[PDB]
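One chain follows as structure tokens, the form deposited in one PDB entry.
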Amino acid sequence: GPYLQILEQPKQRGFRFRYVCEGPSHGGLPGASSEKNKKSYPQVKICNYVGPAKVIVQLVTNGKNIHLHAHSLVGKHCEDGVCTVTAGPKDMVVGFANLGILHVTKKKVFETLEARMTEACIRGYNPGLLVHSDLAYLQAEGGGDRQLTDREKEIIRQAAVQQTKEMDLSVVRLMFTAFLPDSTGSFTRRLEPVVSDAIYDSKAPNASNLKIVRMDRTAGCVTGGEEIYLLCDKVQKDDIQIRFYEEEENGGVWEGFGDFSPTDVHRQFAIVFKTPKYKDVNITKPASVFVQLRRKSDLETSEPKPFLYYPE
């Protein structure tokens, strides 16, 4: 039957969440597209369609299960960290251009959280499935400002607490939901929700785009243990590693790992390391590998810089 499909996921790596104190129109969640002379932006499309229909977008978690994230989506048609774009004609594809991630202050997570779960247990379209599934029920019908059960608000509220401790504010995920015409009028029915790849805040030190800005010597002897000054970009002293490497014919790669210590990682943007022994110290002709910064934790690497293992 009908069903939302993701025509284009969000860029995922490279979009800096912006604090409510930075300014509107600071950037826009890009779609997964660099493609030279051409912008991009996330977009979804129904299937076995519904002519006219409305789709709302909101931010969920990234862990094992999909929960309601404090940061809110902010852009044109957005309001209350939700965005009601309507895909209601003869054309189902519906993009979400110029969207943004308000970065919530640690200081204010519980508050926005409780204030989100709550403005959702009263929806059903936002089933207790996301707050306290103890809340299991609801559908869509309505209930604007409708009171919630006193004991209810609690299971909501306390959920708006044991989850805040677990909420990672450095990563989010889009949660596109489609609603369609029902019982004459109302885009009453929740047509299965789709959730996007993880979007990693660009400012989290843990999410930085390892880049090799400069380097002392490009070449070096194979005999190893040679000091080099490699000026990078926001690395994390413990969680970083310089890595030399070269592929030997079909498949099979070769790797070397610059020597050093957190000590040698000077002010997060400098690492002073000594070269390693190349493949084999016995080489009558200059050898060329590549060096690449590397985050130990996720193994996210970087556009590499070439090296030149000259003979002994």
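Heads up: residue numbers just count along the shown sequence, starting at 1. By rigid core we mean the largest C-alpha set that fits within 1.5 Å across both forms.
From this point on, the text means the form deposited in another entry, which you will not see here.
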Quick one: once the rigid core is lined up, does residue 296 have its C-alpha move by 2 Å or more between the shown form and the other one?
yes
Please check if residue 101 moves between the shown form and the other one, taking a CA shift of 2 Å or more relative to the superposed core as movement.
no
Superposing on the rigid core, is the CA of residue 125 displaced by 2 Å or more between the shown form and the other one?
yes
